[PDB]
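S.K.:
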Ligand SMILES: Nc1nc2c(CN3C[C@H](CO)[C@@H](O)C3)c[nH]c2c(=O)[nH]1
Ligand SMILES: Nc1nc2c(CN3C[C@H](CO)[C@@H](O)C3)c[nH]c2c(=O)[nH]1
Ligand SMILES: Nc1nc2c(CN3C[C@H](CO)[C@@H](O)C3)c[nH]c2c(=O)[nH]1
Ligand SMILES: Nc1nc2c(CN3C[C@H](CO)[C@@H](O)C3)c[nH]c2c(=O)[nH]1
Ligand SMILES: Nc1nc2c(CN3C[C@H](CO)[C@@H](O)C3)c[nH]c2c(=O)[nH]1
Ligand SMILES: Nc1nc2c(CN3C[C@H](CO)[C@@H](O)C3)c[nH]c2c(=O)[nH]1
Ligand SMILES: [K+]
Ligand SMILES: [K+]
Ligand SMILES: [K+]
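Residue numbers (the authors' numbering), protein chains in the order written: chain A, 3 to 245; chain F, 3 to 245; chain E, 3 to 245; chain D, 3 to 245; chain B, 3 to 245; chain C, 3 to 245.
1. Any idea what DSSP makes of residue 14/C, helix, strand or coil?
2. Any heavy atom of ligand 5 inside 7 Å of the beta-carbon of residue 229/D?
3. Counting only beta-carbon atoms, is residue 172/B nearer than 8 Å to chain C?
4. Strictly closer than 6 Å from CB to any heavy atom of ligand 9: give me those residues in the order they appear in the chain.
5. Listed in chain order, which residues of the segment 124-152 of chain C have Cβ atoms closer than 8 Å to some Cβ of chain B?
6. Closer than 9 Å between beta carbons: that is the criterion. Which residues of the segment 94-117 of chain B meet it against chain A?
7. May I have the straight-line CA-CA distance separating residue 110/B from residue 110/C, to the nearest angstrom?
8. At a cut-off of 7 Å, is residue 183/E close to ligand 6 when judged by its beta-carbon and the heavy atoms of the ligand?
9. Which bits of chain C does residue 25/D rub up against, with CB to CB less than 8 Å?
10. Name the DSSP beta bridge partners of residue 114/E, please?
11. Classify residue 242/D: buried if its beta carbon has 16 or more other beta carbons within 10 angstroms, exposed otherwise.
12. Kindly confirm or deny that the segment 199-212 of chain E and the segment 90-102 of chain E touch, where touching means at least three C-beta pairs closer than 8 Å.
13. Can you determine whether any heavy atom of ligand 2 sits closer than 7 Å to the C-beta of residue 209/F, and answer yes or no?
14. Between residue 155/D and ligand 1, is there a pair consisting of the residue's CB and a ligand heavy atom that are separated by less than 7 Å?
15. What is the residue span of the beta strand (DSSP E) that residue 87/D lies within?
16. Please classify residue 173/C as buried or exposed, where buried requires at least 16 other C-beta atoms within 10 Å of its C-beta.
17. Tell me whether residue 240/B sits in a helix, a strand or coil according to DSSP, three-state version.
18. Give me, in chain order, the residues of the same chain whose beta-carbon lies closer than 7 Å to that of residue 233/B; leave out the 5 immediate sequence neighbours on both sides.
19. Starting from the beta carbon of residue 169/D, find every residue of chain E whose beta carbon is closer than 7 Å, and list them in chain order.
20. Would you call the segment 73-88 of chain C and the segment 189-201 of chain C touching, i.e. three or more CB-CB distances under 8 Å?
21. Starting from residue 141/C, follow the beta strand (DSSP E) in both directions and report where the run begins and ends.
22. Decide if residue 57/C is buried, meaning its Cβ has at least 16 other Cβ atoms within 10 Å, or exposed.
23. So is residue 88/B in contact with chain A if we call contact Cβ pairs under 8 Å?
24. Determine which residues of the segment 188-204 of chain B have a Cβ less than 7 Å from any Cβ of chain A, and write them out in chain order.
25. Which residue spans inside the segment 177-206 of chain E form an unbroken beta strand (DSSP E) run of at least 3?
26. On the DSSP bridge list, what partners appear for residue 107/A?
27. Nearer than 7 Å: is that true of the beta carbon of residue 119/D relative to any heavy atom of ligand 6?
28. Say whether chain F places a C-beta atom closer than 8 Å to the C-beta of residue 176/A.
29. Any heavy atom of ligand 1 closer than 7 Å to the Cβ of residue 125/D?
30. Hey, would you say the C-beta of residue 91/F is under 7 Å away from at least one heavy atom of ligand 2?
31. Mind the definition here: the segment 115-126 of chain F touches the segment 165-180 of chain E only if three or more C-beta pairs lie below 8 Å; say whether that holds.
32. Assess, as a yes-or-no matter, whether the segment 207-221 of chain E is touched by the segment 3-18 of chain D under the definition of 3 or more beta carbon pairs within less than 8 Å.
33. Taking residue 180/B as the reference, which of 236/B, 11/B, 152/B has the closest Cα?
34. Who are residue 210/B's beta bridge partners in DSSP?
Here you go:
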């Protein structure tokens, strides 16, 4: 009776789920909660049940990239999840404004994947749910953590080559705030499946400035802590509606 | 020195602008305000300076369809508008839930135009400003007017032919709430020009059921009055910030 | 029951219709006819019954842009129109040859809209009826009015941004003569609905040279007069075969 | 020093060129002229100088299909041809109206090739020159040969498979008259190179009814001689202008 | 210092790399080697140095999906890998011929990802190196394991929805043998980076018949043993050239 | 009765067919055989039965370009051909490595045609049969003829214009070795029709350096002899498996 990739049962799926890319990040989140229960670890998908401020919700890793995260999101969305919040990292597309360590809460995303397009026509928007977005912003100000807001580029390409020009500069000029690899996919899947979604992200560098060393995948520790508390806060607040 | 199509000067543009498709609707709105100043009327573009709740904002008609409304929106965005709210009509894509005369406040749109695509790659989301969306919803709530929230399909096709299948049913299945013709264009132009946008829409029928007589372009009178009140309410609230 | 946007009845549609973008141009035209009858004015759609040289035909405004004019053209084509001639303005794409105030009679157009693509695959030509084209040229010759002939770019973008390159220069290199916003839409809708179409256009400037001040939307009055007489001449000649 | 595939020199190219697909057709045409001179025959490209009604023009075969005919057309257009008329065969897409052996003179074409798209954006129309079209029509009238006029589908696919549906029926519904494989390519190359083009075509069958035996590769003898006479007629009329 | 996601140094990269999607599979493979050294485990990327039949090559997991595996493959290809073989699972697209547990060695793949398209135009083939394909086939016959050969569909969609039809049936009709999620990405990256690639795959079910219960995540043990033996045999053969 | 374009019967079709672009090349090949029998010559399609090393196989010309050669390949594949090897010319895309007169044996091709796309989606690879490739290579080895292996660009454009950039440079950077016009079309049709295919090509120049005079379609005589002997050798070896 188990889900194919998450290897947990439908009965173990909570109304609220916090997803992250890195399985290691699940272990850092779970030790911040009041208690947890380890559930499964299959491939890159690590699932834990988090207990926080009297509420119960899953934390699950989805892996790097849209195709792999989509299998995670589908398994969640078709088996009872109502709210999914991604807490991720990102690169900055506004290096004058948004620096390594900064936190962005994103309402919408650029669909530079394939899987969303195999689900719905390209003209359809990757947009998060306002309530999820609103509660992430509200927790951040309650915790007195400055955050940015904007659009994320969700791109399937991490290492550009020099044949086809990358569109990242185009999107920067179009006022996209940040870039990562999974948010647009989450948003689209959630819209199609009537699941509310949201996204909060921590800058790990600037892809325009990698050749200058503007990169470190060791996330700024006090900001990673801040982001986590914001995410956990939002999840508990949203979970109360369904408990 | 007048704007090419609006035929008003740059100094006559206010921070907040309420836009509608029908130039006749501009006259319905202006008489509900505390007072107004008729500014110009050229082609389909009628501009009026509205005074409401101690605030000053333009109401400008943009005409039918994305290419013609983009001309209006560019003229506003490039000459000082900071917030643009579209108060339009729409068809229902959820005839079971959303009926003639109902009001939808939309946060995002399907880009079934061409202009947006001539401006930015298709993967980029047509999304409204979530703070405009919030204001609109809060005004509706304070006026005790039930509203729907959701994605609008903005389609350049009004009259389908029999050769190419229309994607309207696909988008209904994807959970799009309504269909009109301008919102996606406003949203994308706003995002590119750093202008906050939003959309409130009144249902005039259901396109899947036109052949049953489920259409009346005389908009339901008290609901149109309600939508206008909401739009005017939101405009004056937003205008206070730039005053 | 009236047509939804034209608000005239099926019985008021003549075999031949002259269409223009600007409702203010309907008044310029009707005034050089032997007589006329005002029919309706709804949104940007002004309809007038023109009497000229013993014939009867409508003059109707279609508004700015492909989506809004498609609504007009479909209401006409599905309710009796057999010949539609657009008398519009355009920009020059050949500034060394075609100058402000010149008249172009176009046989074909580039489909840079969306609505035609929602009707028929992009590979399909936007092409005018060759007899309508011939009639327009012949009337111009009888009136001793020099004209140009060639392809029009019908583009949904009037105000380009600086992210995606505009294709206007590519089309100029491909020998397109002029640029407007409605003609390809008319042509395609006409071909699909078995309605004969054509277009005559007066140059208002050159979009490659707008920043040199090569623009004035006050059309050169003696050339506007000339284009109207050519257009009216052609409508009456064509209307005789349906009278 | 010769053209690469035609194996004739630039000075052997005349202002007017008649092109056909089948090298065998070149020999059927040359025999009807007042006299001729064989020039070359390389690959599928046979070139003959025709003398007819006091004029001289080349007759050149282009072979089957857009990529190979484009080599021929580029070598003509870049080396002095001012006018190119394709006299070809075609399938009927309107079996009730256009029968085996009927003649169609086409003004435009559907671009279902690739080479035109490698030259100019898809939205660009494949359209013939009016004077060429007019001349072909007038010669048919003088010879009392009944003809049809319409749009040709130029498709790179002759034998459909069962995976991707053919667009022929779509185009039939869209009112395209006939189907062949070279005309759109000629038209686009001609427009780009400032060469006047046109097409006259003889029906050899109906692709919707091949399984019922509505196909003969042996062209109706008196209609072929009729089509050849119209084309030879038109080439001589047009050649007079450049002589 | 270290590769961003693999977390190993340039100097630890061997000429030959065996890649698998599942980190758990790396543990099953190292066990059958003569010996090994655990190198690193970060995210879904587990790396192990294999010692087999006198030769040294890496075994690295790439995770589920094109965008995630592309990160792995790029880090390998730009830091000295010369040969990469993917040893994965797949679904069958020819259920009448290729059944659960069967092994397929694939020469080419369908590019239903996004990342390959962000590197090179869609018309470019996803193809493996013939020598790698030959080696794999030669190793299978020597070990006496019957294998299938064919094209793999690499698709970013694992769980189809009901809006856009899946292309799997089309590709089955086109004679594609199997489906997985990464091979096309590997092939294209390798071609671009001058790295020889190949793929060997074990059938885990048939997506056409998942609702018939034709699926098991547990790959049949004696066939997984066989595949790994082939793969390990091939890697050692290929390693000898660069030693 | 006869195939429509080849004008031979189903019973004259052999299991193995050597195809060439130039009807002239069929005559060059047949006289190197032990004997032959002329079958048919219609349009650009010359057909000859070749007797070589105790085997019997067709040699058939397909003309220039993808649409015309698809006509040939479909007639062959649907009427009993099992193996088809193209022996063609090509231009070099690696002018510092691959020179005029060199021979390349290709395993895959870039699908820059239209017809393949009207048969199967663009994501599908144009790939040759790996046994045919192996046989061609082993024949060259045994005849001591040095060859290159690689991907060919199959392009419908021979003469680029200056509006849309040619992708040849992009494909050179992507490591494609040569350019011709028909190989991708053969490969895709073969895969769909379950016919083994392959390609051997002789370099006639470099398209990047045509303006330097780096081109001669008079193919280097001893290398053309070498290519033919390789081609004939492989056809005979492959024919033994069906005889
Ligand atoms: N595309 C992209 N994604 C990211 C991310 C976010 N995730 C980090 C991980 C790859 O390092 C993927 O799961 C996406 C951080 N920085 C960047 C960047 O510069 N680019
Ligand atoms: N596409 C579409 N738009 C609308 C609208 C909205 N506007 C009404 C006007 C056309 O009637 C355009 O400005 C769009 C109302 N109902 C519908 C519908 O059924 N369809
Ligand atoms: N796109 C475009 N259209 C026009 C037109 C034609 N119409 C004028 C009006 C916009 O001013 C639309 O209805 C299109 C004149 N000049 C130009 C130009 O420079 N560009
Ligand atoms: N596509 C297509 N072309 C044609 C043609 C025209 N030419 C005939 C020849 C293929 O037989 C090509 O040069 C195109 C006649 N009938 C048909 C048909 O049914 N289909
Ligand atoms: N798309 C797809 N992939 C696979 C695979 C191969 N991998 C298994 C894993 C998803 O379970 C991905 O890394 C791809 C096995 N079966 C199937 C299937 O039915 N479908
Ligand atoms: N596209 C292309 N094809 C070729 C060929 C191969 N064939 C030669 C003939 C046109 O010259 C077509 O059948 C393709 C040789 N050289 C070249 C080249 O430089 N370019
Ligand atoms: K309009
Ligand atoms: K040919
Ligand atoms: K992954």
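Where a beta carbon is used, it is the ideal one built from N, C-alpha and C, also for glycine.
M.R.: So, to answer that:
1. In the structure shown, residue 14/C sits in a helix (DSSP, three-state: H, G or I).
2. No.
3. At least one chain C Cβ lies under 8 Å of residue 172/B.
4. Every residue passing the under-6 Å Cβ criterion appears here: 46/A, 65/A, 66/A, 67/A, 70/A, 46/B, 65/B, 66/B, 67/B, 70/B.
5. If the cut-off is 8 Å between Cβ atoms, the segment 124-152 of chain C has 124, 125, 126, 127, 128, 129, 132, 135, 136, 151 near chain B.
6. Along the segment 94-117 of chain B, going in chain order, the ones with a CB nearer than 9 Å to a CB of chain A are 114, 115, 116, 117.
7. Straight-line Cα distance between these residues: approximately 9 Å.
8. No - ligand 6 has no heavy atom lying nearer than 7 Å to the Cβ of residue 183/E.
9. In chain order: 45, 46.
10. BP columns for residue 114/E point to 157/E.
11. Exposed, since its Cβ has fewer than 16 Cβ neighbours within 10 Å.
12. Here the segment 199-212 of chain E makes contact with the segment 90-102 of chain E; the two share three or more CB pairs at distances below 8 Å.
13. Yes; taking the cut-off as 7 Å, the Cβ of residue 209/F has a heavy atom of ligand 2 nearer than that.
14. Checking the Cβ of residue 155/D against ligand 1 gives no.
15. Where residue 87/D is concerned, the enclosing beta strand (DSSP E) stretches over 85-94.
16. Residue burial is scored here from C-beta neighbours: residue 173/C has at least 16 other C-beta atoms within 10 angstroms and is therefore classed as buried.
17. Helix.
18. Taken in chain order, the residues that qualify are 20, 87, 89, 202.
19. Chain-ordered, the chain E residues with CB closer than 7 Å to the CB of residue 169/D read 123.
20. Counting Cβ pairs under 8 Å, three or more are found: they touch.
21. Run containing residue 141/C: none in the beta strand (DSSP E); it sits in the alpha helix (DSSP H), 132-144.
22. Answer is buried; the Cβ neighbour count reaches 16.
23. Closer than 8 Å: no.
24. Residues 194.
25. Runs of the beta strand (DSSP E) lying entirely within the segment 177-206 of chain E, each at least 3 residues long, are 180-182, 198-205 in chain order.
26. Checking the DSSP bridge columns, you'll see residue 107/A partnered with 151/A, 202/A.
27. Not under cutoff, so the answer is no.
28. The beta carbon of residue 176/A falls within 8 Å of a beta carbon belonging to chain F, placing the residue at that interface.
29. Between ligand 1 and the CB of residue 125/D, the shortest heavy atom gap is not smaller than 7 Å.
30. Yes; taking the cut-off as 7 Å, the Cβ of residue 91/F has a heavy atom of ligand 2 nearer than that.
31. Touching, yes.
32. With the rule of 3 Cβ pairs closer than 8 Å, the segment 3-18 of chain D does not count as touching the segment 207-221 of chain E.
33. Closest in C-alpha terms to residue 180/B, from the list 236/B, 11/B, 152/B, comes 152/B.
34. Beta-bridge pairing links residue 210/B to no other residue.
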